[PDB]
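> Read top to bottom, the protein sequences are chains B and A.
Going letter by letter, the first sequence gives residues 152 to 198, 214 to 251 in the authors' numbering.
Going letter by letter, the second sequence gives residues 152 to 198, 214 to 803 in the authors' numbering.
Think of the CB as a built atom: it goes at the ideal place given N, C-alpha and C, for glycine as much as any other residue.
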Amino acid sequence: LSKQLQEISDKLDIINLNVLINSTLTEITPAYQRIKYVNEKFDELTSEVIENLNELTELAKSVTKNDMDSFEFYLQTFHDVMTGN
Amino acid sequence: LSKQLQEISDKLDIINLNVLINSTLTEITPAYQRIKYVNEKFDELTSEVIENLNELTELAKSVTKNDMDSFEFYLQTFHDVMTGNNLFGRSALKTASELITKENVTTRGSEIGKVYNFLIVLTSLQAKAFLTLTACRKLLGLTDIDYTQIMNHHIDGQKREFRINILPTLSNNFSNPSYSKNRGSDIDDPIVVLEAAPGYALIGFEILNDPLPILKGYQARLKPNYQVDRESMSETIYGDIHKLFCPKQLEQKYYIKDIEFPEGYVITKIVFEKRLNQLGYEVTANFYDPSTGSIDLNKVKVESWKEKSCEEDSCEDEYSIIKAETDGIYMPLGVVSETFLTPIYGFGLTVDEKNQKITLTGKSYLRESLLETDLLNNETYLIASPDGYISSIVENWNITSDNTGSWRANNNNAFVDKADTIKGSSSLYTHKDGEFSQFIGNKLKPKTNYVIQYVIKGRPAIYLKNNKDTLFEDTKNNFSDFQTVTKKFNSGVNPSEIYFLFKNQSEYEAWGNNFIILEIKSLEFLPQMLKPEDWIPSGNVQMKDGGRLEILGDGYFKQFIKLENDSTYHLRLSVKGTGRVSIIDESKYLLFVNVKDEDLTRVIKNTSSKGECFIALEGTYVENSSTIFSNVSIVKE
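Rendered as structure tokens:
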């Protein structure tokens, strides 16, 4: 019984941690996903010509746009969730 | 306390999994919902006009727009969460596989097939999403980006994740979903053979109780790669399998016998053997060439009851004991089969008398039947397990479409109501004169039990007749929409002309479909030294149908049966009418018993035999009660 209770107490510590991961995922996931996509889609520039240059220029306009839901917003929220603000 | 701690530890494993589902939902839900909505709203285009075209053109402009929150963003994030390219390295496929493995309670198929079906619905969702994205670009007149390369890379990476980190788990056992209580037989010796056709192996079990306790079976050719031929499937239906499995008021022995065979072996024959309530079962599997199909009919193995013969003199062990309570025993109910059709190689008896839970369990080749086919993506000839009757003596049993060549659209107004997919499923229709004739009398046998299933709506008049007597009829119970019957009947004494006549219940409109007609194999029993011909009807009597030997008033049936002075016999017989059985020597009463309306369970010890042994199946001196025995069984122990 004492061994079964220790296995139960270990399972609870794993569950509690998974609940804390779920809290941080709820806080940080929309920023992490957007930062990742923007970083992956601009790899050549931060490392068909007219077509990709236009398709990336439209993305650049979306990225530099000063909205409440801007790229700067997602960067700041990523920093705040990382620090604990 | 240890049981309570185990229930607590199971609850924790369910909670931990639900927490991991919540993590993957937080990661994947905004993408899944948007992909789903875009896929559903562009269905006609990837399958009022100016208005719909303008609204879809505006939607297409929103979809193709190159923002941080674009449709391409949601597709990429969906792919990343599926593979496991997240903040913490967890994949949606892993949490989904862990989910399916836990909530596999009332699941028809295996863990591999459920997790793979989960992968198929997500890969199809993404593929349709890339297809709507190409359709939207073309509709707006923008340059083609060729999303085939990106879609293939996404699909292949997810299938690789499944193949490497998910699929190297499972088992292939299968059993009955539910149980049934029907007072079976202990007076009889039900032996039941479950043998496949020469080119077939047996491909599933099924237990019925709604028409009657019944065994339903399937058998089909075995294609290459442990897959099975569709059109070679069939159905076979056996009688009162409660009498094969449930004991009645006496205990039943159940030879737990996990008959299993090496690889390549396919069960071409099962015999189920219940003599003196000892449910053993002899099974013969043949070998089968994994490729090219062609089950080889030469390498057989027969492990009847003899898995303990290899280790113990008491091979009569390796069994169980179920005590028949007065309502019957929890025979299986539903289906002992595998999710997708495949040869079964093993089978075992897995009853549970702690809850009377009679459970059948065979060992299928499905793990193999798929690990080589869709895991390699070659043909995937996949057919899931069936639920009802697929075979029927009625041709066009439901309907094919627009054509009832078996039936007769005798009236113009009594046409088929829909004729194309407008009234739900295919269904006949009759109103104000309606009828549909179809000759199946040539397909009906004298004195044989047949199970009937059919679906009907409204005011139908079911008929199974030769315009002179009806084998089956239903012209009542006006119902809402297409309710199913699952009953039986016994085919007539001369049904050689009985045709089906689906008519209307009244002047109203009728609907019906799914006419299932198939034979129920009469339960057959192990032979014992009682044979009806040598019976000497002695006094106002004659031989009867159910092996019954009526005694009209007084008299008896007599017949010589040689008992031995070292062998035991078991006279098991019930009567209809107060009767007297007789085991007497030349002078003395080896047995002295009367039977009123009940069965007879007699275990006779050393029968000192001086030559003359017989039985005078007599009644008593009452004029009204015609003594009618039921089941002759003097089985020699």
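Would you mind listing the alpha helix (DSSP H) stretches within the segment 692 to 765 of chain A that are 4+ residues and don't spill past its ends, in chain order?
Listed in chain order, there is nothing to give.
> Count the other CB atoms within 10 Å of the CB of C302/A; is the residue buried (16 or more) or exposed (fewer)?
Here residue 302/A refers to the residue found at position 136 of the second sequence. Classification for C302/A: buried.
> State the start and end residues of the unbroken alpha helix (DSSP H) segment that holds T596/A.
Taking the first residue of the second sequence as 1, we reach residue 596/A at position 430. First-last for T596/A: 594 to 597, but that is the beta strand (DSSP E), not the alpha helix (DSSP H).
> So is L219/A in contact with chain B if we call contact Cβ pairs under 7 Å?
Your numbering for residue 219/A matches position 53 in the second sequence. With 7 Å as the cut-off, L219/A does not count as an interface residue toward chain B.
> Taking the alpha carbon of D493/A as the point to measure from, which residue in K414/A, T587/A, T309/A, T516/A has its own alpha carbon closest?
Numbered from its first residue, the second sequence carries residue 493/A at position 327. For the residues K414/A, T587/A, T309/A, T516/A, the minimum Cα distance to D493/A belongs to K414/A.
> CA-CA distance, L515/A and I495/A?
Counted from its first residue, the second sequence places residue 515/A at position 349. Counted from its first residue, the second sequence places residue 495/A at position 329. Computed Cα separation, rounded: 15 Å.
> Using the rule of at least 16 other Cβ atoms within 10 Å of the residue's Cβ for burial, across every protein chain shown, is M317/A buried or exposed?
The residue given as residue 317/A occupies position 151 in the second sequence. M317/A should be labelled buried.
> From the DSSP output, which residues share a beta bridge with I433/A?
Numbered from 1 along the second sequence, position 267 holds the residue referred to as residue 433/A. For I433/A, which the question treats as bridged, DSSP gives the partners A451/A.
> When you compare the CB of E224/B with every CB in chain A, is at least one pair closer than 7 Å?
Your numbering for residue 224/B matches position 58 in the first sequence. Yes, contact with chain A.
> Which of the three DSSP states, helix, strand or coil, is assigned to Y787/A?
One-based indexing of the second sequence puts residue 787/A at position 621. If DSSP states are grouped into helix, strand and coil, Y787/A belongs with coil.
> Go to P377/A, then tell me how far its alpha helix (DSSP H) extends in each direction, as first and last residue.
Translated into the one-based positions of the second sequence, residue 377/A becomes position 211. No alpha helix (DSSP H) contains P377/A, which DSSP labels as neither H nor E.
> Whose CA, out of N579/A, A575/A, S567/A, lies closest to the CA of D586/A?
For the purposes of this step, residue 586/A is identified with residue 420 of the second sequence, where counting begins at 1. The shortest C-alpha separation from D586/A is found at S567/A.
> So, under 8 Å CB-CB, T450/A and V432/A are touching, yes? Tell me the CB distance rounded to an integer number of Å.
Taking the second sequence and counting its residues from 1, one reaches residue 450/A at position 284. Taking the second sequence and counting its residues from 1, one reaches residue 432/A at position 266. In fact, because the Cβ distance is near 11 Å, the residues do not count as touching under 8 Å.
> Roughly how far, in whole angstroms, is the beta-carbon of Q292/A from the beta-carbon of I311/A, given that I think they are within contact range, below 8 Å?
In the second sequence, residue 292/A corresponds to position 126, counting from 1. In the second sequence, residue 311/A corresponds to position 145, counting from 1. Contact doesn't hold; Cβ gap of about 16 Å is too wide.
> Express the C-alpha separation of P612/A and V651/A in angstroms, rounding to a whole number.
As a working note, residue 651/A is residue 485 in the second sequence. As a working note, residue 612/A is residue 446 in the second sequence. Spanning the two alpha carbons is a distance of roughly 23 Å.
> My output table needs one value for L667/A: the three-state DSSP class, helix, strand or coil.
Numbered from its first residue, the second sequence carries residue 667/A at position 501. Note: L667/A maps to strand in three-state DSSP.
> In the DSSP assignment, the beta strand (DSSP E) including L689/A goes from what residue to what residue?
As a working mapping, residue 689/A is identified with position 523 in the second sequence. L689/A -> no beta strand (DSSP E), and no H or E assigned at all.
> Between which two residues does the alpha helix (DSSP H) holding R303/A run?
For the purposes of this step, residue 303/A is taken as the residue at position 137 of the second sequence. Note, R303/A: alpha helix (DSSP H), 277 to 306.
> Run through the DSSP bridge pairs and tell me what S344/A is partnered with.
Taking the second sequence and counting its residues from 1, the one referred to as residue 344/A is at position 178. Bridge partners of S344/A: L499/A.
> Which residues in the same chain as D462/A place their Cβ atom closer than 8 Å to its Cβ, once the five residues preceding and following it in sequence are excluded?
In the second sequence, residue 462/A corresponds to position 296, counting from 1. For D462/A, where only same-chain residues beyond five positions count, the Cβ hits under 8 Å are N452, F453, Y454, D455.
> Does the Cβ-Cβ distance between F340/A and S503/A come in under 7 Å?
Looking up residue 340/A in the second sequence gives position 174. Looking up residue 503/A in the second sequence gives position 337. Yes, the Cβ-Cβ distance between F340/A and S503/A is below 7 Å.
> Please classify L163/B as buried or exposed, where buried requires at least 16 neighbouring CB atoms within 10 angstroms.
As a first step, residue 163/B must be located in the first sequence, where it is residue number 12. Exposed, because fewer than 16 other Cβ atoms sit within 10 Å of the Cβ of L163/B.
> By how many angstroms is the C-alpha of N169/B removed from the C-alpha of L442/A?
Walking along the second sequence from the start, residue 442/A turns up at place 276. Walking along the first sequence from the start, residue 169/B turns up at place 18. C-alpha separation (whole angstroms): 58 Å.
> So, for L416/A: in the same chain, excluding its five sequence neighbours on each side, which residues have a beta-carbon less than 7 Å away from its beta-carbon?
Start at 1 with the first residue of the second sequence, and residue 416/A comes out as number 250. Counting only Cβ-Cβ distances below 7 Å, and skipping sequence neighbours, we find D352, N443, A490, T767.
> Below 8 Å, can you find three or more Cβ-Cβ pairs linking the segment 266 to 278 of chain A to the segment 331 to 347 of chain A?
Yes, they touch.
> Suppose contacts are defined by Cβ-Cβ distances below 7 Å. Is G590/A in contact with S344/A by that definition?
Working through the second sequence from its first residue, we reach residue 590/A at position 424. Working through the second sequence from its first residue, we reach residue 344/A at position 178. Taking 7 Å as the Cβ cut-off, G590/A and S344/A do not qualify as a contacting pair.
> Could you compute how far the alpha carbon of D540/A sits from the alpha carbon of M399/A?
By one-based count along the second sequence, residue 540/A stands at place 374. By one-based count along the second sequence, residue 399/A stands at place 233. Rounded to the nearest angstrom, the two C-alpha atoms are 22 Å apart.
> Under 7 Å between the Cβ atoms of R625/A and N670/A?
As a position in the second sequence, residue 625/A is number 459, starting the count at 1. As a position in the second sequence, residue 670/A is number 504, starting the count at 1. Contact flag set, yes.
> Cβ of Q242/A less than 7 Å from any chain B Cβ?
In the second sequence, counting from the first residue as 1, residue 242/A sits at position 76. Judged by the 7 Å Cβ criterion, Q242/A is in contact with chain B.
> If you measure beta-carbon to beta-carbon, which residues of the segment 291 to 322 of chain A are closer than 9 Å to chain B?
Against chain B - using a Cβ distance shorter than 9 Å - the residues of the segment 291 to 322 of chain A are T309, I311.
> If the cut is a Cβ gap below 7 Å, which residues of chain A does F237/B touch?
Translated into the one-based positions of the first sequence, residue 237/B becomes position 71. Going along chain A in sequence order, the residues near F237/B (Cβ under 7 Å) are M234.
> Just to confirm, is the Cβ distance from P498/A to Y531/A under 7 Å?
In the second sequence, residue 498/A corresponds to position 332, counting from 1. In the second sequence, residue 531/A corresponds to position 365, counting from 1. For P498/A and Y531/A, no; Cβs fall outside 7 Å.
> Here's the rule: buried if 16 or more other CB atoms are within 10 angstroms of the residue's CB, otherwise exposed. What is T230/B?
Indexing the first sequence from 1 puts residue 230/B at position 64. Exposed, by the Cβ-count rule.
> DSSP three-state label for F237/B, please.
Taking the first sequence and counting its residues from 1, one reaches residue 237/B at position 71. Three-state result, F237/B: helix.
> When DSSP builds the beta bridges, which residues end up paired with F605/A?
Locating residue 605/A in the second sequence gives position 439, where the first residue counts as 1. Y665/A, per the DSSP bridge assignment.
> For a cutoff of 7 Å on Cβ pairs, would you count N173/A as touching chain B?
Counted from its first residue, the second sequence places residue 173/A at position 22. Yes, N173/A lies at the interface with chain B (some Cβ there is under 7 Å from its Cβ).
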